[PDB]
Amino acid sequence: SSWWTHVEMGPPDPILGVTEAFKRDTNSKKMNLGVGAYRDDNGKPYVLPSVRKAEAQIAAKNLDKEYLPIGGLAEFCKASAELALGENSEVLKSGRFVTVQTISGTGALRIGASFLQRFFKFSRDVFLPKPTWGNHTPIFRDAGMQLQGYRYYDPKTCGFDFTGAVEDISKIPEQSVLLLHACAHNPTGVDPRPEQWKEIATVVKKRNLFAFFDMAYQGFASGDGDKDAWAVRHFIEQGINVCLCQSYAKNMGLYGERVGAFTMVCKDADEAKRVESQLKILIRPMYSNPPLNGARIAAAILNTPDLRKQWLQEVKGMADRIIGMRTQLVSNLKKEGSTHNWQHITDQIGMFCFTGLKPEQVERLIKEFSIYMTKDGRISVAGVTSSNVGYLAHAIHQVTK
């Protein structure tokens, strides 16, 4: 008959619809809280000037477009490791790691995920939080691993179930893989506190699970890179060789540039040497080598202080703006006479929020006020603006009252 008449129509994407539902709304005070990227105080995309300064810096150099090592830019990988681990890190000094440039974080997760399939002989189960980013399960699943859950978010408190996650984690089998967001949870926004993080490390240490980290939001979450990477850095100090997925999409604004990295911290350099060769092997088949523009720009910013001083300044303008929107949404709800306790909205870190609002609530907001968010009740906080934090506080007061 035909080849593809056996090919099913896929399921719709909530995220795409929400925006799409958004691009359809005619309203002039309409908001997209389904948006995945940082937006300026005008709800307009922002390209980081330092990125533009680097883009200029490179162009002045009349460079080539030659293939890149499988691992990526040498300068990028190394610089990217230092960003994550700190200047006076031992791992860097010891040499006991490999860093590879991957297509963004989603690239980081997948290579790492594959490498898990192929070489992680102590398990097939990757423990994801509850609830964790949408792409996570199908990243691992196609990757070839089993998936599992551990308590994280507590829905009544709109906070961290420390006892829950700590209790569940304590129940994870030994030498199993645990995925912990380094900071700025997607999509809840809930994070562990250092003392809480401290207690996790020991639990992982006692268990001997393997820790796999996603730091998709470094710098961007608080505006302090170091704090933001505090857990990854802590886990390693405490004897746990992690692996890290770094995304420069948000903190650096190279969303489409696709800058990312996967880092493995090993006991000794030789092991690193070995891991690298295999990391490569996995990759050649996937794409030959990763993209050129992004790494160069990222490298450019990190590797030249005046530019880096500037970017890291900008990251603060954004992180702080988000902090501000969060604080504002709450002051306003309280000013709209809203009864409830929204201090979660502020308690939370990053650009994603779990409002605790229920779908029937979402719908009132969506149909009645032209506002868009998914039904879990998360908002993307970067779709919020001075202009509209009020239209937002208003509806939420109205529905939740």
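Numbering starts at 1 and runs along the sequence shown.
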| property | result |
| --- | --- |
| Ranked against its chain, the third holding the CA B-factor of residue 219 | middle |
| CA B-factor ranking of residue 236, expressed as a third of its chain | middle |
| Relative C-alpha B-factor of residue 67, binned into the chain's lowest, middle or highest third | lowest |
| Chain third (lowest, middle, highest) by recorded CA B-factor, residue given as residue 208 | middle |
| Third of chain Cα B-factors occupied by residue 273 | middle |
